[PDB]
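Working notes for the structure below.
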Amino acid sequence: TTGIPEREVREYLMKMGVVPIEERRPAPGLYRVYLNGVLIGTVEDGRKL
Amino acid sequence: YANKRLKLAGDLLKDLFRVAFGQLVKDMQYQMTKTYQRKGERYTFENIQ
Amino acid sequence: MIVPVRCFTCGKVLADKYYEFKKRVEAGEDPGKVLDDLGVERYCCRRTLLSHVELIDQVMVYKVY
Amino acid sequence: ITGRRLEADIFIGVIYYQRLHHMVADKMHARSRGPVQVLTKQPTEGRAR
Amino acid sequence: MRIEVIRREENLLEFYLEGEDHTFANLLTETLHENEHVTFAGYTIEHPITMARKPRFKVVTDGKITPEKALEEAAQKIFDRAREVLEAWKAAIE
Amino acid sequence: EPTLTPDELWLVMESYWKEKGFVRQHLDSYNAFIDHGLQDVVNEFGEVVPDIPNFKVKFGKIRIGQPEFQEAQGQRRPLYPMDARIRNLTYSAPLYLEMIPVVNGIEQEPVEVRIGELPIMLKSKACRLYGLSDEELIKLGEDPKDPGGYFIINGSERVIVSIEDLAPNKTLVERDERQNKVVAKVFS
Amino acid sequence: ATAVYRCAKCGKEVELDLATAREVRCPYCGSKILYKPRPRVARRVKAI
DNA sequence: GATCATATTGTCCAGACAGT
DNA sequence: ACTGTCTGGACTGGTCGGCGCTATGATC
Ligand SMILES: [Zn+2]
Ligand SMILES: [Zn+2]
């Protein structure tokens, strides 16, 4: 692969419906979302995302 | 292989260029300081290019 | 880079009929029938003619003097 | 040599064979006397020297 | 063609044949086999590189005739057979 | 519809090999480094502050020129990989960086200077063989079947071998049975 | 002690003195790479 | 433009050792 | 007297050939 800017990918992930990690804390029923090995947020339905 | 990343020629070239540019920056700073201390302030600011 | 003069096995001369074989193969003819029509019977001579790749023209373009 | 028929049917075919760069012309080395190392006064190392 | 005698017993003759190879040696040995007075007839190449053109022979007879005479008759038989084959080939070609 | 035969998949595979090639990782990595890697390094260095009161030099844009060599006499001529190989030269291109002097907090007119020569990867976007046909490569003494992707340093071909390292900034957990401990390691 | 050399690119004949050459280049096309031409004397090569 | 001092200070096995 | 910890060390032989590397800043 050839690298791409991470800011655009993070913005796209936030727009698609990923709740930011600062807004909502992780929960046992929550799906952790990682971007390049960095925890960026959580979503309720990981499979749908 | 999900935990493995390949360091291609671009990354190694970037690291080498960073080291060389740091050495060049240090040499340029030393040369500018020496020239200012030796020739004086009048010669330095009469032509900054 | 050029077609051998004789077959490496029995010494049968094949370089004379190589260019006709290449011309007929590129025209869509069956290489086996072309080899049969040229007198190439033993498969060692067929090995020599079929497996040869011409490369001298790619070497002539570079001058050494 | 004998001209007689072999008692067994011999398997013969066309196999792609490659000649490698490991040639005996570049590998034969013979030393009787010659140059020695300055430090140890012992024979040198390598066929080139 | 040079003959170098290795050893000579009362009925055994061992010799070299410089300048020859398997072609003449095998024919000479198998022609000597046709003689009923020859008990042992054989040849070998000591080394395919150093002795490539120098086979070693060994002819043993029963004492009725000498090994040299047996070799001479074998060579004469080879000569006559080759002449007959040449005549037949010349007749068949025309 | 009948299922696809392996011949059609082979045709698709051959199309992939014809489009990208076999040295794509070297060329893509070098192109990415040329496009923004030098600028990223320059920006991360930022500026140089000498021991002069109210004076500093700010680094601007950085650009790479065409591969050329300066003769000992003084003439400047274009450089080609065959000439570099024959004459034991390094196939490199000059690097130009814009420097903006700052006096008393006010930026002056920028000056563009040469900061060095950067070796050029063969058949890369900064190479003179990029976009050339087979006949043009032949006219320059280059084999059309040469894939490129290497460097010529003092007339010797140098190829960078990729390193299979661990993922940066990634934490991996492992258990040491001999020491009886749980250890997680990250490379930052 | 002058000598005749052949250019690598243009191929035309170049004459210059190696002992007292300020620059080794072809005066016709500017190429700095030259080829020493083969001598016209005969040589014996064994046929395999 | 030529010279001259100076140039920085990779796991595992076995033996010795503080700690309890 | 045991027990975990710090430190030192050695890392199979030969052969082939290649490819770099062995100064620099400041007067006079
Ligand atoms: Zn044949
Ligand atoms: Zn010329």
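Proteins get letters first, then strands, A, B, ... in listed order; numbering begins at 1 in each. Side-chain atoms are counted along with the backbone in the values below, which use heavy atoms only and exclude waters and symmetry mates.
- The number of heavy atoms from other shown groups lying within 6.0 Å of CD (D:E45) does not exceed 12.
- Distance check on atom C1': I:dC11 versus H:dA7 gives 36 Å, rounded to whole Å.
- Projected onto DNA chain I by closest heavy-atom contact, F:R158 and B:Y30 fall at different nucleotides, the more 5' of which corresponds to F:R158.
- A negative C1'-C2'-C3'-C4' angle places the sugar of H:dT8 in the south (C2'-endo) family.
- Rounded to an integer number of Å, the gap from D:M23 CE to I:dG17 P is 13 Å.
- Annotation: I:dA10 and H:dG15 have their P atoms spaced 15 Å apart (nearest Å).
- Sugar puckers are classed by the sign of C1'-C2'-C3'-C4'; that of I:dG14 comes out north, on the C3'-endo side.
- Atom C1' of H:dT3 sits at a distance of 43 Å from the matching atom of I:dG17, rounded to the whole Å.
- Between F:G155 and B:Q31, the residue whose closest nucleotide on DNA chain I is further toward the 5' end is F:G155.
- Remark: nothing in residues 173-184 of chain F comes within less than 4.0 Å of DNA chain I through any heavy atom.
- Sugar pucker annotation for I:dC16: north, assigned from a positive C1'-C2'-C3'-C4' dihedral.
- Heavy-atom contacts from other residues, nucleotides or ligands closer than 6.0 Å to CE of D:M28 number 12 or fewer.
- Ion pair C:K22/C:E54 not flagged as a salt bridge, since none of the NZ, NE, NH1 or NH2 atoms sits closer than 4.0 Å to an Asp/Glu carboxylate oxygen.
- Shown here, I:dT22 forms no base pair; nothing in the strands shown gives a Watson-Crick or G-U wobble contact with both key distances under 3.5 Å.
- For CZ of F:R76, the number of neighbouring non-hydrogen atoms (other residues, nucleotides, ligands) closer than 6.0 Å is greater than 12.
- Around the CZ atom of F:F187, the shell of radius 6.0 Å holds no more than 12 heavy atoms that belong to other residues, nucleotides or ligands.
- Between the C1' atom of I:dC16 and the CD atom of D:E45 lies a distance of 10 Å, rounded to the nearest Å.
- A south sugar is assigned to H:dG15: the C1'-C2'-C3'-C4' torsion is negative, on the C2'-endo side.
- Sugar pucker of H:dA7: north, as indicated by a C1'-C2'-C3'-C4' torsion of positive sign.
- For F:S156, no side-chain nitrogen or oxygen approaches OP1 or OP2 of I:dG18 to under 4.0 Å.
- When both distances must be under 3.5 Å, the Watson-Crick or G-U wobble mate of I:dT12 does not exist.
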Does the salt bridge (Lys or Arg N to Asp or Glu O under 4.0 Å) test come out yes or no for F:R85 and F:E157, once each step is laid out? CA-CA 8 Å; F:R85 282 192 270 249; F:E157 289 161 337; 2.5 Å; yes
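- With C1' as the reference atom, I:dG18 and H:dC4 are 39 Å apart, rounded to whole Å.
- Of the candidate nucleotides I:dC19, I:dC21, I:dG17, I:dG17 has the atom lying nearest to any side-chain atom of D:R47.
- Look at the P atom in both I:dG25 and H:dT8: the space between them is 13 Å, to the nearest Å.
- For B:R38 and I:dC28, the CZ to P distance is 13 Å, given to the nearest whole Å.
- Here H:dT9 sits opposite no nucleotide as a Watson-Crick or G-U wobble pair (both hydrogen-bonding atom distances under 3.5 Å).
- In summary, F:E135 and F:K139 do not engage in a salt bridge, as defined by a charged side-chain N under 4.0 Å from a carboxylate O.
- A 6.0 Å sphere centred on CG of F:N180 holds no more than 12 heavy atoms belonging to other residues, nucleotides or ligands.
- Base pairing of H:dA14 is made with I:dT7, judged by Watson-Crick or G-U wobble geometry with both donor-acceptor distances under 3.5 Å.
- Nearest nucleotide to the D:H29 side chain, out of I:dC21, I:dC19, I:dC16: I:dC16.
- In this strand, I:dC11 does not stack on its neighbour I:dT12 when judged by six-membered ring centres under 5.5 Å apart and planes inclined by less than 30°.
- As rounded to whole Å, 14 Å separates atom P of I:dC16 from atom NE2 of D:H22.
- Using cut-offs of 30° and 60° on the angle between ring planes, the pair F:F151 and F:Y30 is perpendicular.
- One interatomic measurement links the two molecules: CZ of D:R31 to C1' of I:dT15, which rounds to 16 Å at whole-angstrom precision.
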